[PDB]
Structures are given as structure tokens and as C-alpha cells.
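Engineer: Input: one structure, supplied below.
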Amino acid sequence: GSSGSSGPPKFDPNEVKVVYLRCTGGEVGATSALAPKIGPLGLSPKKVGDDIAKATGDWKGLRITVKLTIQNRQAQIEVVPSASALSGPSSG
């Protein structure tokens, strides 16, 4: 005997996804809360945390949006100029 599964898909290194988070710029203050967050991930909270702090050094203390993209165990940091309805990957 046999039966279908029709289960959902799974993550993949090929495709790429971006994650947005709202927080204060250059926010060193912390009690090792990112430890358990990136614990299972692999990377380190210090390296990643310092990356954002340094980048947001020119505008430390101001509220800004940062886009973090994870690809091939790699993280990217970039500061957006403004926030607006940005939805539409397809052409035009």
C-alpha cells in the first residue's frame, strides 16, 4: 500500500530572503540576549552586532530601518534612506 504526502516546501540556499527589523541605531547596551538568537544559527552576536553599531555610527541614537539578508551563511547590512510601501519583485 501507499499514500501521497502533498507536504509543503523547504528552505534552500539557492533562493534569497531579506529580513527587516525596527530598532535603535548603535544600541550597544545588552545582556547577551542575541546569544540564544544566533546560537543555533552559527554566526556570532558580537560580530553581527558590532557590524550594525559601526554602520550606524554616523547616525547613532536615531531611529532607522536596517535590512539583514542571509545567504550562504552570510549576513548583509544596509541602511535605507526612507520607508515606504515596497512590494513587487516582478518587473515594473
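Counting neighbours? That spans all protein chains shown, and the Cβs are built from the backbone with ideal geometry, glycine included. A short reminder: the numbers here are calculations on the coordinates, not readings from a lab.
Engineer: Can you give the FRET efficiency to the nearest 0.05 for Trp59 and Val16, using r as the Cβ-Cβ distance and R₀ = 30 Å? Walk me through the intermediate numbers first.
Structural biologist: Details: r = 27 Å, r/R0 = 0.89.
So the FRET efficiency works out to roughly 0.65.
Engineer: List every residue whose amide H lies under 5 Å from the amide H of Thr56, counting only residues 5 or more places away in sequence or on a different chain, with H placed 1.01 Å from N in the peptide plane.
Structural biologist: Amide H neighbours of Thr56: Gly26.
Engineer: Search the structure for amide H atoms under 5 Å from the amide H of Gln76, placed 1.01 Å from N in the peptide plane, and list their residues when 5 or more places away or on another chain.
Structural biologist: Amide H to amide H, under 5 Å and 5 or more residues apart or across chains, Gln76 pairs with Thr69.
Engineer: Please list the three semi-axes, largest first and in whole Å, of the ellipsoid equivalent to the chain, using sqrt of 5 times the eigenvalues of its alpha carbon gyration tensor.
Structural biologist: On the way: eigenvalues 198, 84, 25 Å².
After scaling each eigenvalue by five and taking roots: 32, 20, 11 Å.
Engineer: How do 78-84, 56-62 rank on mean C-beta neighbours within 10 Å, highest first?
Structural biologist: Working: 78-84: 9.6, 56-62: 12.1.
Top of the packing list down: 56-62, 78-84.
Engineer: Stretched out fully, how many nm does the piece from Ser87 to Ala30 gain, at 0.36 nm a residue minus the Cα gap? Don't skip to the end; give the middle numbers.
Structural biologist: Values: separation 57, 0.36 × 57 = 20.52 nm, distance 3.29 nm.
Separation in residues times 0.36 nm, less the Cα-Cα distance, equals 17.2 nm.
Engineer: Modelling each spin label as a point 7 Å along the Cα-to-Cβ direction, I'd like the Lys37/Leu68 distance in nm, to one decimal.
Structural biologist: 0.5
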